[PDB]
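We give C-alpha coordinates for two forms of one protein chain below, kept apart as structure 1 and structure 2.
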Structure 1
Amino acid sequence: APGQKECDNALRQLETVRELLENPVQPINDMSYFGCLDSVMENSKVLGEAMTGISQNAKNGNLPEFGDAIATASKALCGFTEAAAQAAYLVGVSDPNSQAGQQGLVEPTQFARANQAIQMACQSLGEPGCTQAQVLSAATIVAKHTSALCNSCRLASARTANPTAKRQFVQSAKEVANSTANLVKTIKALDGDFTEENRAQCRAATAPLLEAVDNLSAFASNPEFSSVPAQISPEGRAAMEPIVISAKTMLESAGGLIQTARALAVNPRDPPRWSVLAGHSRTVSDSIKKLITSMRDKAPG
(Lines of atoms letter the chains of each structure in order from A and count residues from 1; the text may use other names and numbers.)
(Lines give C-alpha, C1' and ligand atoms only; values in the text may rest on other atoms or scores of the structure.)
Protein backbone atom coordinates (compact mmCIF):
# COMPACT_ATOMS: atom_id res chain seq x y z
CA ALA A 1 0.00 0.00 0.00
CA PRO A 2 1.28 3.50 -0.92
CA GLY A 3 2.37 5.33 2.24
CA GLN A 4 3.29 2.20 4.22
CA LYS A 5 6.90 1.97 3.03
CA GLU A 6 7.24 5.73 3.55
CA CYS A 7 6.05 5.52 7.18
CA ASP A 8 8.40 2.60 7.93
CA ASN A 9 11.30 4.41 6.22
CA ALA A 10 10.49 7.64 8.08
CA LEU A 11 10.46 5.87 11.45
CA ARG A 12 13.85 4.30 10.65
CA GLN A 13 15.38 7.65 9.60
CA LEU A 14 14.03 9.29 12.77
CA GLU A 15 15.62 6.56 14.90
CA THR A 16 18.94 7.16 13.11
CA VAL A 17 18.86 10.98 13.21
CA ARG A 18 18.01 11.12 16.94
CA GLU A 19 21.52 9.77 17.65
CA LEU A 20 22.86 13.25 16.76
CA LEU A 21 21.27 14.54 19.97
CA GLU A 22 22.90 12.04 22.37
CA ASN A 23 26.19 13.90 22.94
CA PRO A 24 26.34 16.89 20.54
CA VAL A 25 29.76 18.08 21.73
CA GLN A 26 31.57 17.99 18.37
CA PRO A 27 30.69 19.70 15.06
CA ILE A 28 28.64 17.56 12.64
CA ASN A 29 28.50 19.96 9.68
CA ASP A 30 29.89 23.33 8.52
CA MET A 31 26.86 25.52 9.35
CA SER A 32 27.32 28.76 11.28
CA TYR A 33 24.95 29.47 14.18
CA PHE A 34 22.73 31.67 12.01
CA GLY A 35 23.00 29.00 9.30
CA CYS A 36 21.46 26.59 11.81
CA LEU A 37 18.70 29.08 12.66
CA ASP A 38 17.95 29.55 8.94
CA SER A 39 17.71 25.76 8.53
CA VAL A 40 15.45 25.38 11.57
CA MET A 41 13.14 28.08 10.18
CA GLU A 42 13.01 26.58 6.67
CA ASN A 43 12.51 22.98 7.88
CA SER A 44 9.83 24.04 10.39
CA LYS A 45 7.89 25.66 7.53
CA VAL A 46 8.19 22.57 5.30
CA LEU A 47 7.25 20.28 8.22
CA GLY A 48 4.18 22.41 8.98
CA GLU A 49 2.97 21.98 5.40
CA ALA A 50 3.83 18.27 5.47
CA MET A 51 1.83 17.61 8.67
CA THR A 52 -1.25 19.09 6.97
CA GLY A 53 -0.56 16.87 3.94
CA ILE A 54 -0.32 13.80 6.17
CA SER A 55 -3.63 14.37 7.92
CA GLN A 56 -5.64 15.57 4.92
CA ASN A 57 -4.48 12.83 2.55
CA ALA A 58 -4.97 10.08 5.14
CA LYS A 59 -8.47 11.47 5.85
CA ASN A 60 -9.49 11.41 2.19
CA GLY A 61 -7.65 8.25 1.11
CA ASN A 62 -5.24 9.93 -1.30
CA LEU A 63 -2.51 7.38 -0.63
CA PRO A 64 0.24 8.43 -3.05
CA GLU A 65 -0.11 12.04 -1.82
CA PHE A 66 -0.03 10.73 1.77
CA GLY A 67 3.25 8.91 1.10
CA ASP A 68 4.75 12.06 -0.43
CA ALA A 69 3.78 14.07 2.69
CA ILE A 70 5.31 11.43 5.00
CA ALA A 71 8.54 11.53 2.97
CA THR A 72 8.62 15.36 3.02
CA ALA A 73 8.05 15.36 6.79
CA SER A 74 10.88 12.85 7.28
CA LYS A 75 13.34 14.96 5.29
CA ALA A 76 12.34 18.09 7.24
CA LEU A 77 12.67 16.29 10.59
CA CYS A 78 16.18 15.15 9.64
CA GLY A 79 17.23 18.60 8.41
CA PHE A 80 15.81 20.10 11.57
CA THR A 81 17.71 17.67 13.83
CA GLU A 82 21.03 18.23 12.04
CA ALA A 83 20.61 21.99 12.52
CA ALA A 84 19.62 21.58 16.19
CA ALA A 85 22.58 19.28 16.96
CA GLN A 86 25.03 21.66 15.29
CA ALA A 87 23.48 24.63 17.11
CA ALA A 88 23.73 22.79 20.42
CA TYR A 89 27.43 22.13 19.79
CA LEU A 90 28.04 25.80 18.88
CA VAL A 91 26.31 26.95 22.06
CA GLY A 92 28.36 24.48 24.14
CA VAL A 93 31.72 25.44 22.62
CA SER A 94 30.97 29.17 23.01
CA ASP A 95 31.16 28.98 26.83
CA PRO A 96 34.27 30.85 28.14
CA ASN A 97 35.55 27.64 29.79
CA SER A 98 35.02 25.48 26.72
CA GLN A 99 38.02 24.84 24.47
CA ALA A 100 37.41 25.11 20.74
CA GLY A 101 39.13 22.44 18.68
CA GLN A 102 40.24 22.80 15.09
CA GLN A 103 38.98 21.31 11.83
CA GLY A 104 41.26 18.72 10.25
CA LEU A 105 42.30 19.26 6.63
CA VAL A 106 40.74 15.99 5.41
CA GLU A 107 37.73 14.19 6.91
CA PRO A 108 39.31 10.91 8.10
CA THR A 109 36.48 8.36 7.75
CA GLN A 110 35.61 8.95 4.07
CA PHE A 111 39.33 9.32 3.27
CA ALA A 112 40.00 5.83 4.66
CA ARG A 113 36.94 4.45 2.85
CA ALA A 114 38.05 5.98 -0.45
CA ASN A 115 41.53 4.46 -0.15
CA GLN A 116 40.11 1.05 0.81
CA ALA A 117 37.61 1.14 -2.08
CA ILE A 118 40.34 1.95 -4.60
CA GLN A 119 42.54 -0.84 -3.21
CA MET A 120 39.74 -3.43 -3.46
CA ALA A 121 38.66 -2.31 -6.95
CA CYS A 122 42.31 -2.65 -8.02
CA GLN A 123 42.32 -6.16 -6.53
CA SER A 124 39.16 -6.95 -8.55
CA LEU A 125 40.86 -5.87 -11.79
CA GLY A 126 43.46 -8.43 -10.68
CA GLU A 127 41.21 -11.45 -10.06
CA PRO A 128 41.81 -14.29 -12.56
CA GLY A 129 38.06 -15.01 -12.78
CA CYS A 130 36.99 -11.34 -13.11
CA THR A 131 34.26 -11.06 -15.79
CA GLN A 132 34.52 -8.31 -18.44
CA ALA A 133 31.54 -6.56 -16.81
CA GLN A 134 33.48 -6.55 -13.53
CA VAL A 135 36.31 -4.55 -15.19
CA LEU A 136 33.78 -1.79 -15.93
CA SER A 137 32.14 -1.91 -12.48
CA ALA A 138 35.58 -1.79 -10.82
CA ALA A 139 36.38 1.16 -13.06
CA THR A 140 33.33 3.06 -11.75
CA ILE A 141 34.54 2.57 -8.17
CA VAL A 142 38.02 3.84 -9.13
CA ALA A 143 36.47 6.82 -10.94
CA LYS A 144 34.34 7.77 -7.96
CA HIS A 145 36.98 7.55 -5.27
CA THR A 146 39.99 8.93 -7.11
CA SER A 147 37.97 12.00 -8.09
CA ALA A 148 36.80 12.31 -4.46
CA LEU A 149 40.40 12.08 -3.20
CA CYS A 150 41.47 14.85 -5.58
CA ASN A 151 38.57 17.03 -4.45
CA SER A 152 39.59 16.47 -0.79
CA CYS A 153 43.18 17.39 -1.68
CA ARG A 154 42.12 20.70 -3.22
CA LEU A 155 39.94 21.46 -0.18
CA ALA A 156 42.84 20.64 2.17
CA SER A 157 45.17 22.84 0.10
CA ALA A 158 42.70 25.75 0.38
CA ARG A 159 42.31 25.19 4.14
CA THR A 160 46.01 25.31 5.06
CA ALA A 161 48.11 28.48 5.25
CA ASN A 162 51.31 26.39 5.19
CA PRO A 163 52.69 27.03 1.68
CA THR A 164 54.56 23.70 1.59
CA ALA A 165 51.41 21.74 2.56
CA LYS A 166 49.37 23.75 0.03
CA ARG A 167 51.67 22.65 -2.79
CA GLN A 168 52.03 19.05 -1.60
CA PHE A 169 48.28 18.38 -1.41
CA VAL A 170 48.02 19.48 -5.06
CA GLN A 171 51.05 17.37 -6.08
CA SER A 172 49.69 14.27 -4.32
CA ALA A 173 46.36 14.74 -6.08
CA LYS A 174 48.16 15.02 -9.43
CA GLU A 175 49.89 11.71 -8.72
CA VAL A 176 46.55 10.01 -7.98
CA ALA A 177 44.95 11.53 -11.09
CA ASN A 178 47.82 10.77 -13.45
CA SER A 179 48.29 7.20 -12.24
CA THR A 180 44.53 6.71 -12.66
CA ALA A 181 44.67 8.15 -16.19
CA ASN A 182 47.36 5.59 -17.09
CA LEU A 183 45.19 2.81 -15.62
CA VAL A 184 42.23 4.07 -17.70
CA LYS A 185 44.27 3.53 -20.90
CA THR A 186 44.71 -0.15 -19.95
CA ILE A 187 41.06 -0.53 -18.93
CA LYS A 188 40.07 0.73 -22.40
CA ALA A 189 42.48 -1.76 -24.01
CA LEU A 190 41.19 -4.67 -21.88
CA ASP A 191 37.53 -3.81 -22.58
CA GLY A 192 38.26 -3.58 -26.33
CA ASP A 193 40.21 -6.85 -26.46
CA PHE A 194 39.69 -9.14 -23.47
CA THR A 195 43.03 -10.98 -23.64
CA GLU A 196 45.20 -12.49 -20.88
CA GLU A 197 48.01 -10.13 -21.92
CA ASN A 198 45.75 -7.06 -21.57
CA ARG A 199 44.58 -8.37 -18.18
CA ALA A 200 48.23 -8.47 -17.11
CA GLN A 201 48.82 -4.95 -18.48
CA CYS A 202 45.81 -3.66 -16.53
CA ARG A 203 46.96 -5.44 -13.33
CA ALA A 204 50.39 -3.82 -13.76
CA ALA A 205 48.95 -0.32 -14.17
CA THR A 206 47.15 -0.62 -10.79
CA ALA A 207 50.53 -0.53 -8.99
CA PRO A 208 51.31 3.20 -9.57
CA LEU A 209 47.77 4.06 -8.45
CA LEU A 210 48.10 1.97 -5.28
CA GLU A 211 51.44 3.71 -4.64
CA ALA A 212 49.84 7.13 -5.20
CA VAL A 213 47.04 6.25 -2.75
CA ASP A 214 49.54 5.01 -0.17
CA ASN A 215 51.79 8.10 -0.60
CA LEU A 216 48.85 10.46 -0.15
CA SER A 217 47.62 8.50 2.88
CA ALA A 218 51.09 8.79 4.43
CA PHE A 219 51.30 12.53 3.73
CA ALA A 220 47.72 13.34 4.83
CA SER A 221 48.13 11.46 8.12
CA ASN A 222 50.56 14.07 9.49
CA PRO A 223 49.37 14.90 13.04
CA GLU A 224 49.67 18.59 12.09
CA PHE A 225 46.76 18.12 9.65
CA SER A 226 44.54 16.21 12.09
CA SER A 227 41.35 17.45 13.73
CA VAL A 228 41.52 18.49 17.38
CA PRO A 229 38.35 17.68 19.37
CA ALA A 230 36.38 20.39 21.12
CA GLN A 231 36.27 20.34 24.91
CA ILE A 232 32.87 21.35 26.27
CA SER A 233 32.62 22.67 29.82
CA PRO A 234 29.81 21.63 32.23
CA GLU A 235 28.45 25.20 31.88
CA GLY A 236 28.48 24.76 28.08
CA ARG A 237 26.59 21.48 28.47
CA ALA A 238 23.98 23.18 30.67
CA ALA A 239 23.61 26.01 28.15
CA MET A 240 22.89 23.67 25.21
CA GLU A 241 20.42 21.48 27.12
CA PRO A 242 17.21 23.43 26.28
CA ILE A 243 17.98 23.09 22.55
CA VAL A 244 18.67 19.36 22.94
CA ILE A 245 15.56 18.66 25.07
CA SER A 246 13.27 20.48 22.62
CA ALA A 247 14.76 18.63 19.62
CA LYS A 248 14.33 15.27 21.42
CA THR A 249 10.73 16.09 22.35
CA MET A 250 10.01 17.09 18.76
CA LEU A 251 11.26 13.72 17.47
CA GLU A 252 9.28 11.78 20.08
CA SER A 253 6.05 13.47 18.97
CA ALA A 254 6.96 13.12 15.28
CA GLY A 255 7.41 9.36 15.76
CA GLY A 256 4.00 9.21 17.43
CA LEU A 257 2.54 11.29 14.61
CA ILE A 258 3.88 8.96 11.91
CA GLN A 259 2.74 5.83 13.80
CA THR A 260 -0.77 7.27 14.21
CA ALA A 261 -0.90 8.41 10.57
CA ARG A 262 0.21 4.96 9.38
CA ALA A 263 -2.85 3.48 11.10
CA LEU A 264 -5.24 6.20 9.87
CA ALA A 265 -4.11 5.71 6.25
CA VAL A 266 -5.27 2.10 6.55
CA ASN A 267 -8.45 2.99 8.46
CA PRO A 268 -9.44 6.68 8.69
CA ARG A 269 -12.70 5.94 10.54
CA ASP A 270 -11.17 6.43 13.98
CA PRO A 271 -12.10 9.60 15.90
CA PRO A 272 -9.74 8.84 18.84
CA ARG A 273 -6.70 8.50 16.54
CA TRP A 274 -7.59 11.79 14.82
CA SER A 275 -7.38 13.45 18.20
CA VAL A 276 -4.07 11.68 18.93
CA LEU A 277 -2.76 12.84 15.54
CA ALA A 278 -3.75 16.46 16.26
CA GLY A 279 -2.09 16.20 19.69
CA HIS A 280 1.20 14.92 18.27
CA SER A 281 1.14 17.51 15.53
CA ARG A 282 0.59 20.39 17.96
CA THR A 283 3.29 19.01 20.27
CA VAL A 284 5.72 18.92 17.33
CA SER A 285 4.88 22.59 16.69
CA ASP A 286 5.22 23.49 20.40
CA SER A 287 8.62 21.78 20.61
CA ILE A 288 9.85 23.66 17.54
CA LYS A 289 8.63 26.94 19.06
CA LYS A 290 10.54 26.16 22.28
CA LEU A 291 13.69 25.26 20.34
CA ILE A 292 13.58 28.49 18.32
CA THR A 293 13.10 30.52 21.51
CA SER A 294 16.06 28.72 23.11
CA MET A 295 18.26 29.31 20.05
CA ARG A 296 17.49 33.03 20.15
CA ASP A 297 18.30 33.13 23.88
CA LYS A 298 21.48 30.99 23.79
CA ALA A 299 22.98 32.58 20.64
CA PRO A 300 26.79 32.95 20.76
CA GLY A 301 26.99 35.08 17.60
Structure 2
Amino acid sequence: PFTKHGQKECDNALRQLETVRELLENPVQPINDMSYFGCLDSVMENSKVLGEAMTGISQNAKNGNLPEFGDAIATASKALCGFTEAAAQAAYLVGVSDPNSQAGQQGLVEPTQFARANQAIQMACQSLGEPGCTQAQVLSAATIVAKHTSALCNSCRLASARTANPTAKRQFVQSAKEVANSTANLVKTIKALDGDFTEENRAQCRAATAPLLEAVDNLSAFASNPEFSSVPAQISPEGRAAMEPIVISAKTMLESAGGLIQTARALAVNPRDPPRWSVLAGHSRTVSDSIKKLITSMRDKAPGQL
Protein backbone atom coordinates (compact mmCIF):
# COMPACT_ATOMS: atom_id res chain seq x y z
CA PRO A 1 0.00 0.00 0.00
CA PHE A 2 2.96 2.30 0.62
CA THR A 3 4.59 1.40 -2.69
CA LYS A 4 1.13 1.70 -4.24
CA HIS A 5 1.18 5.31 -3.03
CA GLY A 6 4.50 5.91 -4.79
CA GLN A 7 3.30 4.28 -8.01
CA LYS A 8 0.22 6.50 -7.99
CA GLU A 9 2.33 9.66 -7.80
CA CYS A 10 4.31 8.40 -10.80
CA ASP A 11 1.06 7.89 -12.72
CA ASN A 12 -0.14 11.37 -11.71
CA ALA A 13 3.16 12.88 -12.87
CA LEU A 14 2.98 11.03 -16.19
CA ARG A 15 -0.58 12.30 -16.65
CA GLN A 16 0.48 15.92 -16.04
CA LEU A 17 3.45 15.64 -18.41
CA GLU A 18 1.21 14.47 -21.25
CA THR A 19 -1.17 17.35 -20.55
CA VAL A 20 1.50 20.07 -20.41
CA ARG A 21 3.12 18.62 -23.54
CA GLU A 22 0.28 20.11 -25.60
CA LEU A 23 1.62 23.62 -24.88
CA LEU A 24 4.55 22.80 -27.19
CA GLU A 25 2.49 21.44 -30.11
CA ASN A 26 1.77 24.77 -31.79
CA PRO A 27 2.46 27.89 -29.69
CA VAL A 28 0.21 30.43 -31.42
CA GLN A 29 -0.92 32.15 -28.19
CA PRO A 30 0.85 33.24 -25.00
CA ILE A 31 0.74 30.85 -22.06
CA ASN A 32 1.13 33.45 -19.30
CA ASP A 33 2.23 37.05 -18.61
CA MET A 34 5.97 36.34 -18.41
CA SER A 35 8.43 38.43 -20.38
CA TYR A 36 11.34 36.74 -22.16
CA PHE A 37 13.74 37.16 -19.24
CA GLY A 38 10.89 36.12 -16.95
CA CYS A 39 10.79 32.80 -18.81
CA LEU A 40 14.58 32.47 -18.57
CA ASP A 41 14.56 33.07 -14.82
CA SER A 42 11.74 30.52 -14.55
CA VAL A 43 13.64 27.76 -16.37
CA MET A 44 16.75 28.42 -14.27
CA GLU A 45 14.85 28.11 -10.99
CA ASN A 46 12.93 25.03 -12.11
CA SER A 47 16.29 23.54 -13.12
CA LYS A 48 17.54 23.84 -9.53
CA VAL A 49 14.27 22.37 -8.22
CA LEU A 50 14.25 19.53 -10.76
CA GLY A 51 17.90 18.66 -10.09
CA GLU A 52 17.13 18.38 -6.37
CA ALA A 53 13.99 16.32 -7.04
CA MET A 54 15.78 13.90 -9.38
CA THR A 55 18.37 13.28 -6.66
CA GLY A 56 15.54 12.53 -4.24
CA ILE A 57 13.82 10.24 -6.75
CA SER A 58 16.87 7.97 -7.01
CA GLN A 59 17.95 8.14 -3.36
CA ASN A 60 14.50 7.34 -1.97
CA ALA A 61 13.75 4.62 -4.52
CA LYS A 62 16.98 2.92 -3.41
CA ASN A 63 16.46 3.32 0.35
CA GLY A 64 12.79 2.33 0.18
CA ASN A 65 11.55 5.61 1.67
CA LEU A 66 8.33 5.56 -0.33
CA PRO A 67 6.74 8.73 1.17
CA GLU A 68 9.79 10.83 0.28
CA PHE A 69 9.93 9.09 -3.11
CA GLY A 70 6.38 10.14 -3.99
CA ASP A 71 7.11 13.71 -2.90
CA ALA A 72 10.26 13.86 -5.04
CA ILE A 73 8.19 12.62 -7.99
CA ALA A 74 5.51 15.27 -7.43
CA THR A 75 8.15 18.00 -7.05
CA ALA A 76 9.80 16.88 -10.30
CA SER A 77 6.44 16.85 -12.10
CA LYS A 78 5.73 20.42 -10.98
CA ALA A 79 9.17 21.66 -12.07
CA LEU A 80 8.81 19.95 -15.46
CA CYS A 81 5.43 21.63 -15.92
CA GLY A 82 7.02 24.94 -14.93
CA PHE A 83 9.81 24.36 -17.46
CA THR A 84 7.30 23.64 -20.22
CA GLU A 85 5.14 26.70 -19.58
CA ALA A 86 8.18 29.00 -19.65
CA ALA A 87 9.59 27.27 -22.74
CA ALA A 88 6.26 27.42 -24.58
CA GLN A 89 5.88 31.09 -23.61
CA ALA A 90 9.45 31.93 -24.66
CA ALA A 91 8.99 30.06 -27.95
CA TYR A 92 5.79 32.02 -28.65
CA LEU A 93 7.56 35.32 -27.91
CA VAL A 94 10.40 34.33 -30.26
CA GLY A 95 8.01 33.34 -33.04
CA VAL A 96 5.93 36.52 -32.99
CA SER A 97 9.06 38.68 -32.58
CA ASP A 98 9.83 37.97 -36.25
CA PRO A 99 8.95 40.98 -38.46
CA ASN A 100 6.80 38.82 -40.77
CA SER A 101 4.90 37.26 -37.86
CA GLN A 102 1.64 38.57 -36.43
CA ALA A 103 0.99 38.19 -32.72
CA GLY A 104 -2.18 36.66 -31.40
CA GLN A 105 -5.05 38.65 -29.97
CA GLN A 106 -6.77 37.62 -26.77
CA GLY A 107 -10.55 37.60 -26.86
CA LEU A 108 -12.88 39.83 -24.91
CA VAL A 109 -14.04 36.75 -23.00
CA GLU A 110 -12.33 33.53 -21.96
CA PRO A 111 -14.10 31.17 -24.38
CA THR A 112 -15.08 28.04 -22.44
CA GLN A 113 -15.40 29.38 -18.88
CA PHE A 114 -18.37 31.40 -20.14
CA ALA A 115 -20.11 28.18 -21.19
CA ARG A 116 -18.94 26.66 -17.90
CA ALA A 117 -20.71 29.39 -15.92
CA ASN A 118 -23.78 29.15 -18.18
CA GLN A 119 -23.99 25.41 -17.57
CA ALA A 120 -23.38 25.70 -13.82
CA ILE A 121 -26.10 28.35 -13.46
CA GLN A 122 -28.44 26.36 -15.70
CA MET A 123 -28.05 23.24 -13.56
CA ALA A 124 -28.23 25.19 -10.30
CA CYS A 125 -31.46 26.77 -11.54
CA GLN A 126 -32.60 23.31 -12.67
CA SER A 127 -32.28 22.11 -9.08
CA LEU A 128 -34.21 25.14 -7.79
CA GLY A 129 -36.97 24.38 -10.30
CA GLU A 130 -37.40 20.75 -9.27
CA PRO A 131 -40.55 20.13 -7.17
CA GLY A 132 -38.53 17.79 -4.95
CA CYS A 133 -35.79 20.35 -4.23
CA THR A 134 -34.76 20.21 -0.58
CA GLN A 135 -33.56 23.06 1.62
CA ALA A 136 -29.94 21.87 1.47
CA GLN A 137 -30.21 21.81 -2.33
CA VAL A 138 -31.46 25.41 -2.33
CA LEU A 139 -28.35 26.38 -0.39
CA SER A 140 -25.94 24.41 -2.58
CA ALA A 141 -27.58 25.75 -5.75
CA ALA A 142 -27.40 29.27 -4.30
CA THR A 143 -23.64 28.95 -3.80
CA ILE A 144 -23.25 27.84 -7.42
CA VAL A 145 -25.39 30.75 -8.63
CA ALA A 146 -23.48 33.30 -6.54
CA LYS A 147 -20.05 32.08 -7.68
CA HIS A 148 -20.78 32.05 -11.42
CA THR A 149 -23.03 35.13 -11.61
CA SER A 150 -20.29 37.10 -9.87
CA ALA A 151 -17.78 35.80 -12.42
CA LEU A 152 -20.12 36.55 -15.34
CA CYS A 153 -20.64 40.15 -14.22
CA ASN A 154 -16.90 40.63 -13.73
CA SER A 155 -16.22 39.25 -17.21
CA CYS A 156 -18.89 41.60 -18.59
CA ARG A 157 -17.28 44.64 -16.96
CA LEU A 158 -13.84 43.69 -18.29
CA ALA A 159 -15.03 42.76 -21.78
CA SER A 160 -16.92 46.06 -22.02
CA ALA A 161 -13.81 48.04 -21.04
CA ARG A 162 -11.60 46.30 -23.63
CA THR A 163 -13.84 46.33 -26.71
CA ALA A 164 -13.77 49.16 -29.23
CA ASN A 165 -17.14 47.99 -30.58
CA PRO A 166 -19.73 50.47 -29.21
CA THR A 167 -22.62 48.01 -29.52
CA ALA A 168 -20.65 45.33 -27.67
CA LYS A 169 -19.63 47.82 -24.97
CA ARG A 170 -23.28 48.62 -24.22
CA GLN A 171 -24.47 45.01 -24.54
CA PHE A 172 -21.96 43.63 -22.04
CA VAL A 173 -22.97 46.34 -19.55
CA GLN A 174 -26.66 45.62 -20.16
CA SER A 175 -26.19 41.86 -19.73
CA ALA A 176 -24.28 42.45 -16.48
CA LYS A 177 -27.27 44.39 -15.13
CA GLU A 178 -29.73 41.74 -16.30
CA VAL A 179 -27.71 39.02 -14.56
CA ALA A 180 -27.20 41.12 -11.41
CA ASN A 181 -30.87 42.14 -11.19
CA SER A 182 -32.25 38.64 -11.82
CA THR A 183 -29.75 37.10 -9.39
CA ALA A 184 -30.66 39.59 -6.66
CA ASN A 185 -34.34 38.85 -7.31
CA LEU A 186 -33.65 35.12 -6.98
CA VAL A 187 -31.68 35.66 -3.75
CA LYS A 188 -34.66 37.62 -2.40
CA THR A 189 -36.96 34.64 -3.01
CA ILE A 190 -34.39 32.32 -1.40
CA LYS A 191 -34.31 34.44 1.77
CA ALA A 192 -38.11 34.43 2.00
CA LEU A 193 -38.01 30.67 1.43
CA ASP A 194 -35.55 30.29 4.32
CA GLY A 195 -37.80 32.17 6.74
CA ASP A 196 -41.00 30.44 5.60
CA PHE A 197 -40.69 27.30 3.46
CA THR A 198 -44.24 27.51 2.07
CA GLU A 199 -45.54 26.26 -1.27
CA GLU A 200 -45.98 29.89 -2.34
CA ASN A 201 -42.36 30.77 -1.50
CA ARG A 202 -41.27 27.55 -3.25
CA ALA A 203 -43.12 28.52 -6.43
CA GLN A 204 -41.81 32.10 -6.17
CA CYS A 205 -38.21 30.88 -6.01
CA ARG A 206 -38.87 28.52 -8.94
CA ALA A 207 -40.32 31.39 -10.99
CA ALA A 208 -37.34 33.64 -10.23
CA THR A 209 -34.98 31.21 -11.99
CA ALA A 210 -36.51 32.04 -15.39
CA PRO A 211 -35.32 35.69 -15.65
CA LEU A 212 -31.84 34.55 -14.60
CA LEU A 213 -31.71 31.73 -17.16
CA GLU A 214 -32.87 34.14 -19.89
CA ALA A 215 -30.21 36.71 -18.99
CA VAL A 216 -27.39 34.16 -18.83
CA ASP A 217 -28.60 32.56 -22.08
CA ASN A 218 -28.79 35.86 -23.97
CA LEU A 219 -25.34 36.76 -22.62
CA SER A 220 -23.81 33.40 -23.55
CA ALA A 221 -25.30 33.65 -27.05
CA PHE A 222 -23.97 37.19 -27.52
CA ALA A 223 -20.52 36.50 -26.05
CA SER A 224 -20.00 33.39 -28.21
CA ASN A 225 -19.84 35.50 -31.39
CA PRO A 226 -16.46 34.82 -33.08
CA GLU A 227 -15.76 38.59 -33.20
CA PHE A 228 -15.07 38.43 -29.45
CA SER A 229 -12.92 35.28 -29.43
CA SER A 230 -9.13 35.07 -29.41
CA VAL A 231 -7.24 35.19 -32.72
CA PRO A 232 -4.24 32.85 -33.05
CA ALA A 233 -0.86 34.24 -34.03
CA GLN A 234 0.33 33.91 -37.63
CA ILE A 235 3.98 32.91 -37.16
CA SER A 236 6.18 33.16 -40.25
CA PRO A 237 8.48 30.33 -41.41
CA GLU A 238 11.42 32.33 -40.04
CA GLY A 239 9.65 32.60 -36.68
CA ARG A 240 9.03 28.85 -36.66
CA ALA A 241 12.70 28.09 -37.36
CA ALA A 242 13.82 30.55 -34.68
CA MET A 243 11.56 29.07 -31.99
CA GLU A 244 12.18 25.41 -32.93
CA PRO A 245 15.41 24.89 -30.87
CA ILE A 246 13.51 25.93 -27.74
CA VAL A 247 10.52 23.76 -28.67
CA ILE A 248 12.39 20.53 -29.47
CA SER A 249 14.59 20.81 -26.37
CA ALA A 250 11.51 21.17 -24.17
CA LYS A 251 9.79 18.32 -26.02
CA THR A 252 12.85 16.10 -25.50
CA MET A 253 12.96 16.98 -21.80
CA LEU A 254 9.35 15.87 -21.31
CA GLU A 255 9.86 12.62 -23.24
CA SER A 256 13.00 11.64 -21.34
CA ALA A 257 11.43 12.71 -18.03
CA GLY A 258 8.57 10.33 -18.81
CA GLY A 259 11.02 7.47 -19.21
CA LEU A 260 12.77 8.45 -15.98
CA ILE A 261 9.52 8.39 -13.99
CA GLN A 262 8.39 5.09 -15.55
CA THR A 263 11.79 3.58 -14.70
CA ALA A 264 11.70 5.02 -11.17
CA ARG A 265 8.18 3.61 -10.76
CA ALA A 266 9.58 0.12 -11.31
CA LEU A 267 12.64 0.78 -9.15
CA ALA A 268 10.48 1.93 -6.23
CA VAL A 269 8.88 -1.53 -6.24
CA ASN A 270 12.18 -3.42 -6.59
CA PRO A 271 15.35 -1.28 -6.36
CA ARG A 272 17.57 -4.39 -6.65
CA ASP A 273 17.79 -4.01 -10.43
CA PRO A 274 21.16 -2.90 -11.89
CA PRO A 275 19.81 -2.81 -15.48
CA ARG A 276 17.04 -0.33 -14.62
CA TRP A 277 19.44 1.85 -12.62
CA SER A 278 21.45 2.19 -15.82
CA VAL A 279 18.28 2.98 -17.79
CA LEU A 280 17.41 5.62 -15.19
CA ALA A 281 20.87 7.18 -15.54
CA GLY A 282 20.34 7.29 -19.30
CA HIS A 283 17.03 9.12 -18.95
CA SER A 284 18.50 11.44 -16.30
CA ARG A 285 21.37 12.49 -18.58
CA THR A 286 19.00 13.08 -21.50
CA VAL A 287 16.81 15.23 -19.24
CA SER A 288 19.86 17.21 -18.11
CA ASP A 289 21.18 17.57 -21.67
CA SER A 290 17.76 18.72 -22.88
CA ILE A 291 17.64 21.42 -20.18
CA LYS A 292 21.17 22.51 -21.11
CA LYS A 293 20.15 22.87 -24.76
CA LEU A 294 17.01 24.75 -23.68
CA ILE A 295 18.95 27.25 -21.55
CA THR A 296 21.55 27.55 -24.32
CA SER A 297 18.89 28.19 -26.98
CA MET A 298 17.19 30.80 -24.79
CA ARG A 299 20.45 32.53 -23.85
CA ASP A 300 21.40 32.76 -27.54
CA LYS A 301 18.30 34.88 -28.23
CA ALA A 302 18.33 36.81 -24.94
CA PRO A 303 20.39 39.80 -26.26
CA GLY A 304 17.57 40.58 -28.70
CA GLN A 305 15.14 41.07 -25.79
CA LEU A 306 17.22 43.53 -23.73
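Only the largest set of C-alpha atoms that superpose within 1.5 Å between the two forms is called the rigid core. By convention here, residues take numbers in order along the sequence of structure 1, the first being 1.
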Residue pair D270, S226: same rigid group between the two structures: no
When the larger rigid part is superposed on C-alpha atoms, the smaller part turns between the two structures by a whole-degree angle of 24
Core-superposed C-alpha displacement of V170 between the two structures, in angstrom, equals 9.9
Cα of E196, core superposed, displaced between the two structures by (Å) 4.6
Here the CA of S98, compared between the two structures on the core, is shifted in angstrom by 1.1
